[PDB]
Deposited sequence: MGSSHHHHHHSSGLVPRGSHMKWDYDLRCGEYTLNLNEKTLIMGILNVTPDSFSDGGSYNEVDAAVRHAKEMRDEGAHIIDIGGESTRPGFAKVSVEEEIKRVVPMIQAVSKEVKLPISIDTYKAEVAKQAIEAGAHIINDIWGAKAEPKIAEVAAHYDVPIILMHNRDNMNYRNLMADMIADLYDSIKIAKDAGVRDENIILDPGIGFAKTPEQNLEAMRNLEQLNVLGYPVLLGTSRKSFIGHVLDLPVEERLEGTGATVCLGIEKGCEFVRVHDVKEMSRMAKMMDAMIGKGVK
């Protein structure tokens, strides 16, 4: 249908036409008296990954950045979690990092997808890591300023700069996913505007991931704290899917999997 290839994630394969793919956000709370890999913190992560699998998640997102942490210490946290989760939960894993070295150890430890909040712009070598291991990479829209001439024209220009960095490093078109970076470098009004105009990202010819779960633009509209943002997140997931997004990144996996599934049936996905 829309996509003439599947997303290839080593042992796992994700069909981009059958359904909206749910990326569950692993809650990753560090042990205070620990250097990483301790029992309480890895056990908590594994229990949460199993719950999210049981609730309809298709991908488990894991990041290493409570306590301030260096690149070495970021690796010592994330690597044992990736090892335990990939052994114990049979889903592809994405590593949430903008650092080449973290991306590399995370993949060597078992991660399948790179999730980069700086779209290969903070550390362009991450795209070389992606190109060598032949993994999918999510290039998120971000910048270090909010000075838009024209929000969507500018986001598309910036995403294309990320695509260029990734292609010049030898990333294959099939391993590129884009993300409008909701809640990054954008005022609450720009986030609403990006949501209203999300379908424009489809001209670039790549699958789009949307991440809106619990973000402050929803609290800004509803005047509700982070724990009362489920309905608002749901509205953003539904619009995202109606505008053609292939993945949503969410905390409330059970509720959002049911909304995604209803949306899919109505739109004929």
**Message:** In sequence order, which parts of the deposited sequence are missing C-alpha coordinates?
**Reply:** 1 to 20, 86 to 90, 295 to 297
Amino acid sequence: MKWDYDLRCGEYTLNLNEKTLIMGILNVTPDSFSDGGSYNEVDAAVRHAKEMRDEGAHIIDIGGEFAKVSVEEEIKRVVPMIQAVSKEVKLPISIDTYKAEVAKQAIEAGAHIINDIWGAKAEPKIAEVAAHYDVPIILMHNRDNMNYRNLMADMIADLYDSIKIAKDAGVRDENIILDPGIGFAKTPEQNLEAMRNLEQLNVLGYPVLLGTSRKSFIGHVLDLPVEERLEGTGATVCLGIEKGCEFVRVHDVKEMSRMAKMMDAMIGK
From here on, numbers count along this sequence of modelled residues.
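Heads up, when I say rigid core I mean the largest set of C-alphas that superpose within 1.5 Å between the two forms.
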**Request:** Output the stretch, either 70 to 78 or 123 to 131, that has more C-alpha displacement from this form in 8 other deposited structures of this protein following superposition by the rigid core.
**Result:** 70 to 78
**Message:** Among the other entries of this protein that were compared (only those with both neighbours built), does residue 212 lack coordinates in at least a third?
**Reply:** no
**residue 51: gap in at least one third of other compared structures** = no
**Request:** Could you settle it for me: does 151 to 159 or 67 to 75 have the higher average Cα B factor in the PDB entry?
**Result:** 67 to 75
**Prompt:** Taking the entry's C-alpha B-factors for this chain, is residue 126 in the lowest, middle or highest third?
**Reply:** middle
**Complete:** Split the chain's modelled residues into thirds by Cα B-factor; residue 205 lands in the lowest
**Asked** Hey, what third does residue 30 fall into on Cα B-factor, ranked over its chain?
**Response** highest
**Complete:** Of the three thirds of the chain ranked by Cα temperature factor, residue 225 occupies the middle
**Prompt:** Considering only modelled residues of the same chain, in which third does the CA B-factor of residue 240 rank: lowest, middle or highest?
**Reply:** lowest
